[PDB]
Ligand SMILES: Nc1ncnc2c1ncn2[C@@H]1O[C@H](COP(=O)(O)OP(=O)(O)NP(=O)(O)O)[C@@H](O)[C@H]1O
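We begin with a single chain expressed as C-alpha coordinates, specifically the form deposited without the ligand.
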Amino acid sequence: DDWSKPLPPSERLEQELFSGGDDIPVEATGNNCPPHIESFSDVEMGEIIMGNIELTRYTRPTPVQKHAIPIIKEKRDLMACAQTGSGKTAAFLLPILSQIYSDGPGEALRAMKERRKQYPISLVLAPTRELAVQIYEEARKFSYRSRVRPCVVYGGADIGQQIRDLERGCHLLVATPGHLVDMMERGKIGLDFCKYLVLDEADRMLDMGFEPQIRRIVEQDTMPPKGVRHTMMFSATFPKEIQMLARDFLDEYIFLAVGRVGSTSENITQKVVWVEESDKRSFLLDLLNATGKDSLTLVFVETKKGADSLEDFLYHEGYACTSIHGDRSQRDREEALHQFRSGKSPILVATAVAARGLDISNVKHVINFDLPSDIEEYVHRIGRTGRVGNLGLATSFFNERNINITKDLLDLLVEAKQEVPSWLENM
(Lines give C-alpha, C1' and ligand atoms only; values in the text may rest on other atoms or scores of the structure.)
Protein backbone atom coordinates (compact mmCIF):
# COMPACT_ATOMS: atom_id res chain seq x y z
CA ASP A 1 0.00 0.00 0.00
CA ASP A 2 1.78 3.10 -1.32
CA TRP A 3 0.68 6.25 0.51
CA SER A 4 2.64 8.56 -1.82
CA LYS A 5 0.81 7.54 -5.00
CA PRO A 6 -2.24 9.81 -5.48
CA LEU A 7 -5.55 7.99 -5.66
CA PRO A 8 -7.72 8.46 -8.77
CA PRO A 9 -9.36 11.89 -8.90
CA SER A 10 -13.00 12.63 -8.15
CA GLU A 11 -14.08 15.62 -10.23
CA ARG A 12 -17.16 15.84 -7.99
CA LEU A 13 -15.12 16.12 -4.78
CA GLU A 14 -12.72 18.60 -6.42
CA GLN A 15 -15.49 21.14 -7.04
CA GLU A 16 -16.57 20.89 -3.40
CA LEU A 17 -13.13 21.50 -1.87
CA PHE A 18 -11.48 24.02 -4.22
CA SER A 19 -13.86 26.88 -5.06
CA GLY A 20 -11.99 30.00 -3.96
CA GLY A 21 -8.87 32.07 -4.39
CA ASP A 22 4.50 40.30 3.07
CA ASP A 23 7.93 40.51 4.74
CA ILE A 24 7.23 40.47 8.48
CA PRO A 25 10.57 40.11 10.34
CA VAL A 26 11.05 36.56 11.64
CA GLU A 27 13.43 35.60 14.46
CA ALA A 28 14.41 31.97 15.03
CA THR A 29 16.09 30.74 18.22
CA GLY A 30 17.47 27.27 18.86
CA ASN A 31 20.16 24.72 18.13
CA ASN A 32 20.84 23.97 14.45
CA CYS A 33 17.79 25.54 12.83
CA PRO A 34 17.16 24.26 9.28
CA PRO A 35 17.16 27.23 6.90
CA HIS A 36 13.90 28.72 5.69
CA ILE A 37 12.74 28.08 2.15
CA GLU A 38 11.48 30.54 -0.47
CA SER A 39 9.05 28.36 -2.45
CA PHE A 40 7.13 25.14 -1.88
CA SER A 41 9.31 23.33 -4.43
CA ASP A 42 12.47 23.99 -2.38
CA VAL A 43 11.55 20.88 -0.35
CA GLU A 44 10.41 17.52 -1.72
CA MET A 45 6.82 17.50 -0.45
CA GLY A 46 5.58 14.75 -2.77
CA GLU A 47 3.20 14.31 -5.69
CA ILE A 48 0.10 14.57 -3.49
CA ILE A 49 0.95 17.76 -1.60
CA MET A 50 2.28 19.56 -4.68
CA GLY A 51 -0.86 18.65 -6.61
CA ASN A 52 -3.16 19.88 -3.84
CA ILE A 53 -1.25 23.15 -3.39
CA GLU A 54 -1.86 23.88 -7.08
CA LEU A 55 -5.57 23.23 -6.54
CA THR A 56 -5.82 25.75 -3.67
CA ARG A 57 -4.47 28.48 -6.01
CA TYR A 58 -2.12 29.58 -3.19
CA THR A 59 1.48 29.08 -4.31
CA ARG A 60 3.57 31.66 -2.42
CA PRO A 61 4.39 30.46 1.13
CA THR A 62 3.70 32.93 3.91
CA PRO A 63 6.54 34.06 6.22
CA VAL A 64 5.50 31.65 8.99
CA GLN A 65 5.19 28.87 6.41
CA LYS A 66 8.65 29.81 5.12
CA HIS A 67 10.36 28.92 8.41
CA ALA A 68 8.03 26.47 10.19
CA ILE A 69 7.72 24.11 7.21
CA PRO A 70 11.44 23.17 6.87
CA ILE A 71 11.67 22.85 10.67
CA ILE A 72 8.85 20.28 10.79
CA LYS A 73 10.01 18.46 7.65
CA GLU A 74 13.34 17.86 9.44
CA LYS A 75 11.53 16.20 12.39
CA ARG A 76 12.19 19.04 14.85
CA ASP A 77 9.92 20.34 17.59
CA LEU A 78 8.59 23.85 16.99
CA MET A 79 7.34 26.67 19.22
CA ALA A 80 6.04 29.33 16.83
CA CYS A 81 4.67 32.74 17.86
CA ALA A 82 2.45 34.00 15.04
CA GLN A 83 -0.84 35.88 15.00
CA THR A 84 -4.05 34.36 13.68
CA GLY A 85 -4.12 35.00 9.94
CA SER A 86 -0.45 34.46 9.06
CA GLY A 87 -1.00 30.97 7.65
CA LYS A 88 -0.30 28.85 10.74
CA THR A 89 -2.67 26.05 9.70
CA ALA A 90 -0.98 25.16 6.40
CA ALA A 91 2.41 25.72 8.06
CA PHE A 92 1.95 22.58 10.16
CA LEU A 93 -0.60 20.66 8.06
CA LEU A 94 1.52 20.55 4.90
CA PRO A 95 4.79 19.07 6.29
CA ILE A 96 2.93 16.68 8.61
CA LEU A 97 0.83 15.25 5.79
CA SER A 98 3.84 15.15 3.45
CA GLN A 99 5.81 12.96 5.85
CA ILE A 100 2.84 10.63 6.41
CA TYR A 101 2.65 10.09 2.64
CA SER A 102 6.30 9.00 2.62
CA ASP A 103 6.38 6.99 5.86
CA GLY A 104 2.98 5.37 5.40
CA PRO A 105 0.64 4.34 8.21
CA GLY A 106 3.47 2.76 10.18
CA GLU A 107 3.82 -0.86 11.20
CA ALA A 108 1.27 -0.79 14.03
CA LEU A 109 -1.66 0.38 11.90
CA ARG A 110 -0.61 -1.94 9.06
CA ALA A 111 -0.75 -4.91 11.43
CA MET A 112 -4.14 -3.83 12.80
CA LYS A 113 -5.67 -3.77 9.31
CA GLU A 114 -6.35 -7.53 9.41
CA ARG A 115 -17.93 0.62 17.35
CA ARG A 116 -14.25 0.49 16.36
CA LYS A 117 -11.64 2.48 18.27
CA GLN A 118 -9.53 4.85 16.16
CA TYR A 119 -5.79 5.44 16.60
CA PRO A 120 -4.91 8.73 14.88
CA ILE A 121 -1.41 9.35 13.57
CA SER A 122 -1.75 13.13 14.06
CA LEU A 123 -3.62 15.07 16.75
CA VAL A 124 -4.41 18.79 16.40
CA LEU A 125 -5.84 20.53 19.47
CA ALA A 126 -7.76 23.80 19.15
CA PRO A 127 -9.63 25.99 21.65
CA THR A 128 -12.89 26.59 19.77
CA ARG A 129 -15.31 24.87 17.42
CA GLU A 130 -14.75 27.68 14.92
CA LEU A 131 -11.01 27.06 14.65
CA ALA A 132 -11.44 23.28 14.86
CA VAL A 133 -13.73 23.31 11.81
CA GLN A 134 -11.34 25.65 9.98
CA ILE A 135 -8.32 23.41 10.55
CA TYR A 136 -10.43 20.39 9.57
CA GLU A 137 -11.53 21.83 6.22
CA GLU A 138 -7.94 22.73 5.32
CA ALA A 139 -6.90 19.17 6.18
CA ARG A 140 -9.55 17.93 3.74
CA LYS A 141 -8.03 20.03 0.95
CA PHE A 142 -4.51 18.71 1.55
CA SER A 143 -5.53 15.04 1.92
CA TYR A 144 -7.40 14.97 -1.41
CA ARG A 145 -6.43 11.93 -3.51
CA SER A 146 -4.66 10.58 -0.40
CA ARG A 147 -5.32 7.66 1.93
CA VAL A 148 -5.20 9.89 5.03
CA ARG A 149 -8.71 10.50 6.39
CA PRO A 150 -9.23 13.56 8.63
CA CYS A 151 -11.91 13.93 11.28
CA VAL A 152 -13.08 16.63 13.67
CA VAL A 153 -14.75 16.44 17.09
CA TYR A 154 -16.03 19.67 18.65
CA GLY A 155 -19.37 18.83 20.28
CA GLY A 156 -22.65 20.57 19.63
CA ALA A 157 -25.91 19.12 18.39
CA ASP A 158 -24.22 16.93 15.75
CA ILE A 159 -21.72 15.22 18.08
CA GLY A 160 -23.50 11.95 17.30
CA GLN A 161 -22.63 12.34 13.62
CA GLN A 162 -19.07 13.29 14.58
CA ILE A 163 -18.69 10.04 16.54
CA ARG A 164 -19.95 8.31 13.39
CA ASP A 165 -17.38 9.82 11.04
CA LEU A 166 -14.71 8.66 13.50
CA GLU A 167 -15.78 5.03 13.05
CA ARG A 168 -15.39 5.40 9.27
CA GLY A 169 -11.63 5.74 9.83
CA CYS A 170 -9.48 8.53 11.26
CA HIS A 171 -5.79 9.19 10.66
CA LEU A 172 -5.70 12.91 11.55
CA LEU A 173 -7.96 14.16 14.34
CA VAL A 174 -8.81 17.81 15.04
CA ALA A 175 -10.48 18.31 18.40
CA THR A 176 -11.06 20.61 21.33
CA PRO A 177 -9.51 19.19 24.52
CA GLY A 178 -12.62 18.61 26.63
CA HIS A 179 -14.46 16.65 23.94
CA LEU A 180 -11.33 14.65 23.08
CA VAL A 181 -10.98 13.58 26.71
CA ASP A 182 -14.63 12.48 26.56
CA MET A 183 -13.89 10.55 23.36
CA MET A 184 -11.01 8.84 25.20
CA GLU A 185 -12.94 7.77 28.31
CA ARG A 186 -15.68 6.45 26.01
CA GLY A 187 -13.13 4.19 24.30
CA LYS A 188 -13.46 5.80 20.87
CA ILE A 189 -9.94 7.26 20.51
CA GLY A 190 -6.54 5.84 21.43
CA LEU A 191 -3.32 7.85 21.31
CA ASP A 192 -0.85 4.94 21.39
CA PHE A 193 0.26 5.57 17.78
CA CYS A 194 0.05 9.39 17.60
CA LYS A 195 3.29 10.60 15.98
CA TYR A 196 2.29 14.25 15.39
CA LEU A 197 0.83 16.55 18.05
CA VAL A 198 -0.18 20.14 17.29
CA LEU A 199 -1.43 22.65 19.86
CA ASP A 200 -2.88 25.60 17.95
CA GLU A 201 -3.61 28.90 19.73
CA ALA A 202 -2.24 27.39 22.93
CA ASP A 203 -2.48 30.66 24.86
CA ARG A 204 -6.21 30.80 24.10
CA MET A 205 -6.63 27.15 25.12
CA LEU A 206 -5.12 27.88 28.54
CA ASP A 207 -7.26 31.02 28.83
CA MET A 208 -10.41 28.94 28.34
CA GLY A 209 -9.37 26.57 31.14
CA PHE A 210 -8.23 23.58 29.05
CA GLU A 211 -4.81 22.98 30.65
CA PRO A 212 -5.87 20.00 32.83
CA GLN A 213 -7.49 18.34 29.81
CA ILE A 214 -4.43 19.06 27.65
CA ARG A 215 -1.99 17.60 30.18
CA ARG A 216 -4.38 14.65 30.57
CA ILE A 217 -4.27 14.06 26.81
CA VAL A 218 -0.53 14.58 26.50
CA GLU A 219 1.07 13.32 29.73
CA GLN A 220 -1.36 11.05 31.62
CA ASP A 221 -2.25 8.61 28.83
CA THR A 222 -0.68 6.50 26.07
CA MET A 223 0.65 9.22 23.78
CA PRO A 224 4.29 8.56 22.88
CA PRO A 225 6.64 10.88 24.77
CA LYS A 226 8.60 13.80 23.41
CA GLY A 227 11.57 12.62 21.39
CA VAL A 228 9.35 9.95 19.82
CA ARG A 229 6.37 12.09 18.88
CA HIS A 230 6.86 15.33 16.95
CA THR A 231 5.19 18.26 18.71
CA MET A 232 4.37 21.78 17.49
CA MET A 233 2.89 24.63 19.54
CA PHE A 234 1.49 27.80 17.96
CA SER A 235 0.56 30.77 20.14
CA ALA A 236 0.22 34.50 19.52
CA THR A 237 1.62 35.40 22.96
CA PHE A 238 4.39 33.83 25.05
CA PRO A 239 3.62 34.17 28.77
CA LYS A 240 5.24 32.16 31.55
CA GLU A 241 2.65 29.38 31.51
CA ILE A 242 3.23 28.89 27.77
CA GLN A 243 6.98 28.86 28.45
CA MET A 244 6.43 26.10 31.00
CA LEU A 245 4.12 24.15 28.67
CA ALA A 246 6.67 24.34 25.84
CA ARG A 247 9.38 23.14 28.23
CA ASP A 248 7.23 20.17 29.28
CA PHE A 249 5.87 19.20 25.85
CA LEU A 250 8.75 20.01 23.47
CA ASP A 251 12.18 18.42 23.02
CA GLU A 252 15.09 20.62 21.87
CA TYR A 253 12.72 22.92 20.02
CA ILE A 254 13.21 25.88 17.70
CA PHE A 255 11.56 29.14 18.78
CA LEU A 256 10.00 31.10 15.91
CA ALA A 257 8.89 34.72 16.34
CA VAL A 258 6.79 36.22 13.53
CA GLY A 259 6.25 39.92 14.21
CA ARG A 260 6.26 41.82 17.48
CA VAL A 261 5.63 39.11 20.09
CA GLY A 262 4.87 39.83 23.73
CA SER A 263 3.21 38.25 26.76
CA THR A 264 0.05 40.40 26.85
CA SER A 265 -2.71 40.53 24.25
CA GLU A 266 -2.32 43.71 22.19
CA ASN A 267 -5.94 43.31 21.01
CA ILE A 268 -7.74 44.01 24.31
CA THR A 269 -8.87 47.32 25.82
CA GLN A 270 -8.73 47.16 29.62
CA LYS A 271 -10.77 49.60 31.71
CA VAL A 272 -10.47 49.51 35.51
CA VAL A 273 -12.94 51.61 37.50
CA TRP A 274 -13.45 52.00 41.24
CA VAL A 275 -16.94 50.76 42.20
CA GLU A 276 -18.14 50.05 45.73
CA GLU A 277 -20.08 46.83 46.33
CA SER A 278 -23.51 48.48 46.62
CA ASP A 279 -22.88 50.48 43.41
CA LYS A 280 -21.81 47.57 41.21
CA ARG A 281 -25.33 46.85 39.95
CA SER A 282 -26.05 50.42 38.84
CA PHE A 283 -22.60 50.60 37.24
CA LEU A 284 -23.18 47.36 35.32
CA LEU A 285 -26.53 48.72 34.10
CA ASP A 286 -24.72 51.72 32.63
CA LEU A 287 -22.15 49.48 30.92
CA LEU A 288 -24.87 47.26 29.44
CA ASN A 289 -26.80 50.29 28.18
CA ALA A 290 -23.71 51.15 26.11
CA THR A 291 -23.58 47.63 24.64
CA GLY A 292 -24.41 47.54 20.93
CA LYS A 293 -26.12 44.90 18.82
CA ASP A 294 -25.01 41.26 18.53
CA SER A 295 -22.49 41.88 21.32
CA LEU A 296 -21.88 38.82 23.49
CA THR A 297 -21.07 39.93 27.05
CA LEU A 298 -19.57 37.69 29.75
CA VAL A 299 -19.99 38.82 33.37
CA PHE A 300 -17.80 37.09 35.95
CA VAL A 301 -18.94 36.98 39.58
CA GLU A 302 -17.34 35.37 42.60
CA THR A 303 -19.89 32.87 43.94
CA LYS A 304 -22.73 30.69 42.70
CA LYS A 305 -25.17 32.67 44.85
CA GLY A 306 -23.78 35.85 43.28
CA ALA A 307 -24.42 34.63 39.76
CA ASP A 308 -27.72 33.55 41.32
CA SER A 309 -28.61 37.06 42.50
CA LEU A 310 -27.25 39.00 39.52
CA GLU A 311 -29.12 37.06 36.81
CA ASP A 312 -32.35 37.55 38.75
CA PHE A 313 -31.59 41.28 38.93
CA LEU A 314 -30.73 41.59 35.23
CA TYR A 315 -33.78 39.66 34.00
CA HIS A 316 -36.17 41.75 36.10
CA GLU A 317 -34.62 44.92 34.64
CA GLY A 318 -35.56 43.70 31.15
CA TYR A 319 -32.24 42.28 29.93
CA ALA A 320 -32.06 39.11 27.84
CA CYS A 321 -29.59 37.15 29.96
CA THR A 322 -28.73 33.72 31.32
CA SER A 323 -26.40 32.21 33.89
CA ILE A 324 -24.14 29.17 34.30
CA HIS A 325 -23.12 28.17 37.82
CA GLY A 326 -22.92 25.16 40.10
CA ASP A 327 -26.42 25.35 41.58
CA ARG A 328 -27.99 24.90 38.12
CA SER A 329 -28.66 21.46 36.68
CA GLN A 330 -26.69 19.97 33.80
CA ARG A 331 -29.52 20.44 31.29
CA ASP A 332 -30.10 24.05 32.36
CA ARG A 333 -26.39 24.81 31.85
CA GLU A 334 -26.23 23.35 28.33
CA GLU A 335 -29.30 25.39 27.36
CA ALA A 336 -27.76 28.52 28.87
CA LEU A 337 -24.71 27.93 26.67
CA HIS A 338 -26.78 27.46 23.50
CA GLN A 339 -28.81 30.62 24.12
CA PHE A 340 -25.57 32.55 24.63
CA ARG A 341 -23.90 31.10 21.52
CA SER A 342 -27.02 31.77 19.43
CA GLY A 343 -27.38 35.33 20.76
CA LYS A 344 -30.88 34.78 22.17
CA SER A 345 -29.42 35.50 25.64
CA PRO A 346 -26.35 37.62 24.82
CA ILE A 347 -25.44 38.32 28.48
CA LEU A 348 -23.96 35.36 30.36
CA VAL A 349 -23.42 35.60 34.12
CA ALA A 350 -21.00 32.94 35.31
CA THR A 351 -18.42 32.06 37.89
CA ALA A 352 -14.93 31.58 36.48
CA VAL A 353 -14.84 27.96 37.67
CA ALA A 354 -18.13 27.18 35.89
CA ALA A 355 -16.93 28.61 32.55
CA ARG A 356 -13.66 26.65 32.44
CA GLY A 357 -13.65 24.13 29.61
CA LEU A 358 -16.96 25.32 28.13
CA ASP A 359 -17.49 25.96 24.42
CA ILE A 360 -17.64 29.74 24.91
CA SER A 361 -16.38 31.73 21.92
CA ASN A 362 -16.73 35.12 20.21
CA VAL A 363 -17.01 37.12 23.44
CA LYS A 364 -16.79 40.87 22.80
CA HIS A 365 -17.04 42.29 26.35
CA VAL A 366 -15.61 40.64 29.46
CA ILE A 367 -16.97 42.30 32.60
CA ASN A 368 -15.24 41.44 35.88
CA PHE A 369 -18.13 42.24 38.20
CA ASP A 370 -15.90 40.72 40.90
CA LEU A 371 -12.17 40.58 40.50
CA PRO A 372 -10.13 37.45 41.29
CA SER A 373 -7.35 37.25 43.86
CA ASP A 374 -4.67 36.22 41.33
CA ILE A 375 -3.42 38.21 38.35
CA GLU A 376 -3.00 34.84 36.60
CA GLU A 377 -6.74 34.16 36.61
CA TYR A 378 -7.36 37.78 35.57
CA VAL A 379 -5.23 37.25 32.45
CA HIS A 380 -7.24 34.08 31.76
CA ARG A 381 -10.61 35.86 31.98
CA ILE A 382 -9.80 38.80 29.71
CA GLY A 383 -8.15 36.46 27.20
CA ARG A 384 -11.69 35.33 26.36
CA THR A 385 -12.12 38.52 24.29
CA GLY A 386 -10.12 40.15 21.54
CA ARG A 387 -9.02 38.81 18.15
CA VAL A 388 -6.67 39.78 15.34
CA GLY A 389 -9.35 41.91 13.67
CA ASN A 390 -11.77 42.90 16.43
CA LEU A 391 -10.61 44.79 19.52
CA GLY A 392 -12.13 43.22 22.62
CA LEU A 393 -13.07 45.05 25.80
CA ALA A 394 -12.40 44.09 29.43
CA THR A 395 -14.00 46.21 32.17
CA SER A 396 -13.28 45.45 35.82
CA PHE A 397 -14.91 46.70 39.01
CA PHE A 398 -12.33 47.37 41.72
CA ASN A 399 -12.70 48.37 45.36
CA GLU A 400 -10.94 47.80 48.69
CA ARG A 401 -11.48 44.03 48.48
CA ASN A 402 -8.88 43.87 45.68
CA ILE A 403 -5.85 45.61 47.21
CA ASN A 404 -3.98 42.29 47.02
CA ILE A 405 -3.85 42.49 43.21
CA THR A 406 -3.19 46.26 43.00
CA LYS A 407 0.52 46.01 42.21
CA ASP A 408 0.18 43.08 39.80
CA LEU A 409 -2.76 44.72 38.01
CA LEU A 410 -0.85 47.98 37.53
CA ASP A 411 2.21 46.18 36.15
CA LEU A 412 0.01 44.35 33.64
CA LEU A 413 -1.77 47.52 32.48
CA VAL A 414 1.55 49.29 31.91
CA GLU A 415 3.04 46.35 29.99
CA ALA A 416 -0.08 46.14 27.80
CA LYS A 417 0.20 49.92 27.16
CA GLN A 418 -3.29 50.44 28.57
CA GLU A 419 -4.84 53.34 30.44
CA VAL A 420 -3.73 53.35 34.09
CA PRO A 421 -6.11 54.95 36.61
CA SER A 422 -4.17 57.67 38.41
CA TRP A 423 -5.45 56.38 41.75
CA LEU A 424 -4.25 52.80 41.16
CA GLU A 425 -0.58 53.82 41.30
CA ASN A 426 -1.04 55.31 44.79
CA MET A 427 -2.36 52.18 46.51
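The first residue of the sequence shown is number 1, and the count goes up from there.
Not pictured, yet referred to below: the form deposited with the ligand bound.
Each of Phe40, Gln65 and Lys88 having a non-hydrogen atom within 4.5 Å of the ligand in the entry with it bound: is that the case here?
Heavy-atom distance to the ligand in the entry with it bound: all three under 4.5 Å.
Does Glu138 reach the ligand in the entry with it bound, with heavy atoms at most 4.5 Å apart?
Looking in the entry with it bound, residue contacts with the ligand include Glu138, since a heavy atom lies within 4.5 Å.
Heavy atom to heavy atom, is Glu201 within 4.5 Å of the ligand in the entry with it bound?
Yes, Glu201 lies within 4.5 Å of the ligand in the entry with it bound.
Using the partner position in the entry with it bound, report whether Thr84 sits within 4.5 Å of the ligand, counting heavy atoms only.
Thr84: contacts the ligand in the entry with it bound.
Tell me, yes or no, whether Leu131 is in contact with the ligand in the entry with it bound, where a contact means a heavy atom of each within 4.5 Å.
Yes, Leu131 is a contact residue.
Taking the ligand in the entry with it bound as the reference, which of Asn32, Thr59, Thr29, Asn390 has a non-hydrogen atom within 4.5 Å?
Among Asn32, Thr59, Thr29, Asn390, a heavy atom within 4.5 Å of the ligand in the entry with it bound occurs only for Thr59.
Only one of these stretches, 159 to 167, 88 to 96, 191 to 199, 217 to 225, has heavy atoms within 4.5 Å of the ligand in the entry with it bound; which one is it?
Single hit among the candidates: 88 to 96.
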